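Peer 1: Requesting a structural model of the entry that follows:
(3 chains)
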Amino acid sequence: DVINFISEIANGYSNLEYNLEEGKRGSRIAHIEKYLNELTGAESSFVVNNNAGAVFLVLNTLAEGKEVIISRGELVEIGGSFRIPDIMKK
Amino acid sequence: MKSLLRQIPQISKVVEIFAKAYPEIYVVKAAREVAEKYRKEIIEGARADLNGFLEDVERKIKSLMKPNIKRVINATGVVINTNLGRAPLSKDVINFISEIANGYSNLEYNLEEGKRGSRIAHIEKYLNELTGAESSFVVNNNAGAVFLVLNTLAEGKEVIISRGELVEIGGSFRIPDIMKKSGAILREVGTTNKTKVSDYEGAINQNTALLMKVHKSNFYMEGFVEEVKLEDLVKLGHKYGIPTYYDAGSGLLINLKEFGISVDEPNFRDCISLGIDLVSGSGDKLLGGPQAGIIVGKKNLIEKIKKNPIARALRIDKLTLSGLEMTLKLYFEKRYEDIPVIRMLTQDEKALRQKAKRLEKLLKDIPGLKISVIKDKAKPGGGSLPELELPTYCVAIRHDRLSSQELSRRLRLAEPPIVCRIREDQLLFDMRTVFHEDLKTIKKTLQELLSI
RNA sequence: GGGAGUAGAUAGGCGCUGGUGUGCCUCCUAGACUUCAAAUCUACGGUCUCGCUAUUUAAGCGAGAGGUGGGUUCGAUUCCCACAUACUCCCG
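Peer 2: Residues are numbered from 1 along each chain as shown, chains lettered A, B, ... in the order given. Shown next is the protein structure:
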């Protein structure tokens, strides 16, 4: 069901960054978010490439140059190149 | 309200009420303790009656005449029970200790030269032989063993250790909290679940005075988890000229596979013959002896540790020293079955059921008892072997009148007190840890609680 | 025993709804229709209590209770919270 919906939107042009209502460019992240806030119950949402970057982005966004407290048992290494300590540093 | 308290009798009066009833000393102590509990309960206005007084005062006396610390029958099936006093001692050892404590001894006296001598000298001979290390030493416990090695060799300098090995064993011990107090600077490498060799070699520098690895004794990690082999750390040390210090913790003196139990638990002899410069561990864990911090390794290091002015505040007492030598003597003589901890874990599966049913035969008569023997898989090691899971026969019991919860509670109040597992409202007794002379004590306790 | 999940009616079993509750099934009864059965159809229907008239009772009338309490709200059966209780799952 999903593979076909993707198949269709990729076959040609789509309203990716276009809001059909106002006829001017629009945020592509806007289509989904409606779903997320409803399912999660959160106030707003957003999505990026992967969770690796999701972390990276939250950290550089809210704690660049400032301290972040985390348990010494939660400094994981998931995957071959991901490590909470190595990325948070970056 | 100042008359609801004037009431309470006088200690002179109560002492009378117990002329020959109980020693006058114990009577007054219980009266005081009791007299205070009634003055406060009446001042806060929580008591309107004082009749409970007489009955209670006598209960304190019955209690106060009994020491706080008391032998307890362990039915949990956990050999290294941190709570119940870890490794119990063979009578052979208990007697050798008994003898040296009865009077004076050559503790710090060398009979040869007739002048004072180091008390640590009696044992060390044993250690260097069993481990194969160049020199050895022992202190109060392994907690301090670590503390001493760190303040001795890395005060003010860096010590590299895996981020997955910064453990918290016990309630107050934490590698990070003590090393800090140790004066050593902590350099944690790798990540929780994984740590390659690159991580170690990457953090070395001018200040790196020590490469330390701790053995995850009271916990384990499964799933994506990587660890740095010991041979690698030795190689790493010898390349940069840095010492290697292993805190085994378990204090396993020998290869464990030789007894049928297949585990990767590390041991002194092997760890030392591996190229490790220093190794430590508790005596009351996998060694089966009294509490003691044991250190073995290169001579030049041992000498450095001994000279430390702090070693005198950790030097072991007369009891554990002797008791340690007799436990070491047993190991040279290959008297393995004589040390409790070892015998309990290497007991025949056959052996266990044999005791499982000899107990059930003792409880068939007692009223209301639902007796059954089940074969379950538990984890024997409490403070030294986290992963080990070995089969053992438990005699699961159940009475119609009282509930399993209430059951465990009265059993801990018995004399002697018995501690056992609870699983699904059914009391269980693992025979892995039960001594034979307890079986008779078990039956006499149960029939005295259900029929009285 | 400690955790956690599921939960709840105002006739009874299953489900839903911030508009003063509601849908499917059942029971009952009532009624209609039937030679019969069956089928079918219909019901601001139904408990409890209290107060009022009648007062054997009915019968009528009025009010309220959704485990209990509280809060938000214009409105709470819904939402939130707290407690209690029932069913189930994880641990000692």
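Peer 1: Whatever residue of chain A ends up closest to chain B: what secondary structure?
Peer 2: Chain B sits closest to residue A:77 of chain A, with a gap of 3.9 Å, by Cβ to the nearest Cβ. For every residue, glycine as well, the C-beta is placed using N, CA and C. Per DSSP: H, G, I helix; E, B strand; the rest coil, the secondary structure class of residue A:77 is coil.
Peer 1: Find the helix or strand that the residue lying closest to residue A:32 once chain neighbours are set aside is a member of.
Peer 2: The spatial neighbour of residue A:32 that comes closest, neighbours along the chain excluded (Cβ to Cβ, 6 or more residues apart in numbering or on different chains), is residue A:47 at 6.6 Å. Residue A:47 belongs to no helix or strand when elements are defined using DSSP states H and E.
Peer 1: give the contact list for residue A:47.
Peer 2: A:29, A:32-33, A:36, A:54 (Cβ atoms under 8 Å, 6 or more residues apart in numbering or on different chains).
Peer 1: ok, of these, which come out buried?
Peer 2: In the contacts of residue A:47, burial by neighbour count holds for no member, counting by 16 or more other Cβ atoms under 10 Å in any protein chain shown.
Peer 1: How far away from the center of its chain is the host helix or strand of residue A:4?
Peer 2: In this structure, residue A:4 is located in helix A:2-11 according to DSSP H and E. Here helix A:2-11 shows a centroid-to-chain-centroid distance of 21 Å under the convention Cα atoms, centre = their mean, to the nearest Å.
Peer 1: For it, report the contacting residues that lie outside it.
Peer 2: In this structure, residues lying in contact with helix A:2-11 by Cβ under 8 Å, 6+ apart are residue A:16.
Peer 1: What's the first helix or strand after it?
Peer 2: Following helix A:2-11 in sequence order, the next helix or strand is strand A:18-19 (DSSP H and E).
Peer 1: Please state the offset of the helix or strand following that next one from the chain centre?
Peer 2: Scanning the chain past strand A:18-19 towards its C-terminal end, the next helix or strand to appear is strand A:24-25 (assignment: DSSP H and E). Distance of strand A:24-25 from its chain centroid, counting by Cα atoms, centre = their mean, is 22 Å.
Peer 1: Leaving out sequence neighbours, find the closest residue to residue A:73.
Peer 2: When the adjacent residues along the chain are set aside, residue A:73 lies closest to residue B:192, with 5.7 Å between them (Cβ to Cβ, 6+ apart).
Peer 1: Would you mind measuring from that neighbour to RNA strand C?
Peer 2: Separation of residue B:192 from RNA strand C (Cβ to the nearest atom of the strand, to the nearest Å): 22 Å.
Peer 1: one step back: export the contacts of residue A:47 as TSV, with columns for secondary structure.
Peer 2: As requested, the contacts of residue A:47 are arranged in TSV below (three-state DSSP):
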residue	secondary structure
A:29	coil
A:32	helix
A:33	helix
A:36	helix
A:54	helix
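Peer 1: re earlier: now do the phi/psi pair for the residue nearest to residue A:32.
Peer 2: Here the main-chain torsion angles of residue A:47 (degrees, to the nearest 10) amount to phi -150, psi 140.
Peer 1: what's around residue A:13, how many residues?
Peer 2: As a burial measure, residue A:13 scores 7 neighbours (other Cβ atoms under 10 Å in any protein chain shown).
Peer 1: Past the helix or strand where residue A:52 lies, which element shows up next along the chain?
Peer 2: In the assignment (DSSP H and E), residue A:52 maps to helix A:51-62. Once the chain leaves helix A:51-62, the next helix or strand it forms, by DSSP H and E, is helix A:84-89.
Peer 1: in that following helix, what counts as buried?
Peer 2: Buried residues in helix A:84-89, counting neighbours by 16+ other Cβ under 10 Å, are found at A:84-85.
Peer 1: residues in contact with that helix?
Peer 2: Outside of helix A:84-89, the residues within contact range by Cβ under 8 Å, 6+ apart are A:52, A:55-56, A:59, A:68, A:70, A:74-77, B:163, B:191.
Peer 1: just the buried members of these?
Peer 2: Buried members of those, scored by 16+ other Cβ under 10 Å, are A:56, A:59, A:75-77, B:163, B:191.
Peer 1: Determine which two of those are furthest apart.
Peer 2: The span of the buried ones among the contacts of helix A:84-89, defined through Cβ to Cβ, is set by A:56 and B:163 at 19.9 Å.
Peer 1: ok so residue A:39 is a strand residue?
Peer 2: No. In this structure, residue A:39 is helix, not part of a strand, as judged by three-state DSSP.
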